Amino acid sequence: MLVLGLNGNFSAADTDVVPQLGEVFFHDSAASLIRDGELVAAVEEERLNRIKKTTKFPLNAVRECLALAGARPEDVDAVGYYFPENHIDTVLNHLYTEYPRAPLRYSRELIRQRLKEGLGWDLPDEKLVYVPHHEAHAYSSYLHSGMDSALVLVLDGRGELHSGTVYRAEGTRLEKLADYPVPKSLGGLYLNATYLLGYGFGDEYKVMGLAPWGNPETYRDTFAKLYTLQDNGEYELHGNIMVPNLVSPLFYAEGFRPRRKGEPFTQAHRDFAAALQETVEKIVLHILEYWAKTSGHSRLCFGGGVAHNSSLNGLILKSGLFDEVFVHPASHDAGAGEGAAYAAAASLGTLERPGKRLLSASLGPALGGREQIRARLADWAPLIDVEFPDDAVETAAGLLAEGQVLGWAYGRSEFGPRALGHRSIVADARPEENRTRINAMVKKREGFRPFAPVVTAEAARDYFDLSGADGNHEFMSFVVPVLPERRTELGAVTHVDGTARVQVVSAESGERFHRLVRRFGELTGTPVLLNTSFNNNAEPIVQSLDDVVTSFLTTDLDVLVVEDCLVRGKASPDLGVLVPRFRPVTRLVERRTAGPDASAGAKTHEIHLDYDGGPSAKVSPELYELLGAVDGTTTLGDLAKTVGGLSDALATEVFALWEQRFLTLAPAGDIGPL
């Protein structure tokens, strides 16, 4: 039994199903592969097409999953899709009424066209299974829990008919207990409020990071007008007929004005975030207080996008409502994609399930063999210096103890949003200053943002308060208190409220990363590291070796440790040897608007990424001419001849566009098949 799980929309690499298809239409595209009930490969398409939370069809993810399994497309017994057929087709039909030039291609045709054109795979209709969305979420969360019975809660933005569902789980059978309609969505509520802070889709976790800086008292009674807790685990959200946002009208009427980009986060912004987070905590704990005592289950599995609210999870852990809580590293729609495979298996035969709790999210493609990685790093020689230490982990722990900030790239990439020791940036967790600088200089993000620690399993309870239920901490699912007598010691990773979104690494969850953290603790007395995701502000978590080196070279990291190679940037790196490549969404434009006296205005030149929400940047006339000559094979230095040579100014302009990922800059060639 080999089964493919699919989620996302159906757009090709270079176009979308309709022009500028909204980023909210079936996002976080991913593919997962289960064999004999075990999750053998999973990767989000964003990692391969480099568009965060992408809606595009996860063609590359399917290809990578098959390769990791050693399978051909014909080996796949079934394909599950994470929504019912009528729902996804009704939404496509809606988009087609708005875009009368678009061909009437519904999901079955589009899935089969993509697999046929993209993989040479003729999928039989009888192998395609559409699955209720919250059923897919629940299967994913519960089957990886290691529990043989549980309460399973799913809360997300929405399924086909519900924003929340409660299941009883026993053996491999799911039995629905309750649901909550779409307009009560806590995902929708959190996103509605997120837009008031100058943030958008996908930024909710940043708002969660802001909330502990605020006092929930300021806006508590305002948010209380937007919901009512009702008897027997019910609740209500109070909508409005003014605009499609539950939150902005009332807060506008009370004088709250939405933050603008580039403005600071005031105390009122912080308090708003705090009152929002408390609101969702109050609702979910109300749901669970009721269903704990009603269903009688002492164990909980929590999935759906809302289960990525780690503060909420930490409160559930401390609530005492349950003895055990489990959360999957991919509780958003990539996990529903995985759950759709289990559901598809269930509908065609018997359901085979994992035999153990999931401990590792290291499930994507790896970086390559020993030899192909060494050969590819040689291709980067004009930009990097490379050492091959006898014991890279020993050396990396020493560098960390010396205050270096490291890129850390090993093996198979993490499924789900958290970096966990395979595509990480790590630093000493003790100095508070590391938080200040890694926010400001390395990740280039807001100073309020917290940093998550990783700790060895053996030392975890010396630093963090894990009391209450037994939660799984392999995937940073839970915020927990830092023990008070350790808060000064852990300056970089203790949040303003004394908590931390902890990763507890063990020899079984992540042997190499555990050894790193253990050795560091032996050197310093503190077996704790800061662990943030390996990506700059313009990209998802890095995937390939070229991704890793590119990111190292365009962030202000000290050293890169990749598959036991020690990489440093050269004193003067020769950008001219890099070959520019368009991304499938890269566009160049020369534009004139109207000018004075109805003249044609002055020319300007821009590069942009053609997808909804894509960035854009002004370019000089010389860079515009240089980039128009890009062929995929010629180096940047040879290209720059035609505009009179790669001046330092052109190299600097190119470097800034590289940092923002408007195009691919890498040595000639590639690493080859893995």
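Start at 1 with the first residue shown and count on from there. Here the rigid core means the biggest group of C-alpha atoms that line up within 1.5 Å when the two forms are laid on top of each other.
RMS Cα deviation from the shown model in 6 other deposited structures of this protein, rigid core fit, is larger for 443 to 451 than for the other stretch of the pair 443 to 451 / 559 to 567.
Annotation: of the segments 434 to 442 and 98 to 106, 434 to 442 departs further from this form in 6 other deposited structures of this protein (C-alpha atoms, root mean square over structures and residues, core superposition). Mean C-alpha B-factor is higher over 339 to 347 than over the other stretch, the pair under comparison being 188 to 196 and 339 to 347. For the two regions 419 to 427 and 100 to 108, the entry's Cα B-factors average higher over 100 to 108. Of the residues listed, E281, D558, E217, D546, the entry assigns the biggest Cα temperature factor to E217.
Ranking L575, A307, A273, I88 by the C-alpha B-factor listed in the PDB entry places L575 at the top.
The deposited CA B-factor of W121 belongs to the highest third of values across its chain. In the deposited entry, the Cα temperature factor of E625 sits in the top third of values across the chain's modelled residues.
For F388, the recorded CA temperature factor ranks within the highest third of the chain's modelled residues.
Ranked within its chain, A617 lands in the middle third, by CA B factor from the PDB record. Among all modelled residues in its chain, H328 ranks in the lowest third by Cα B-factor.
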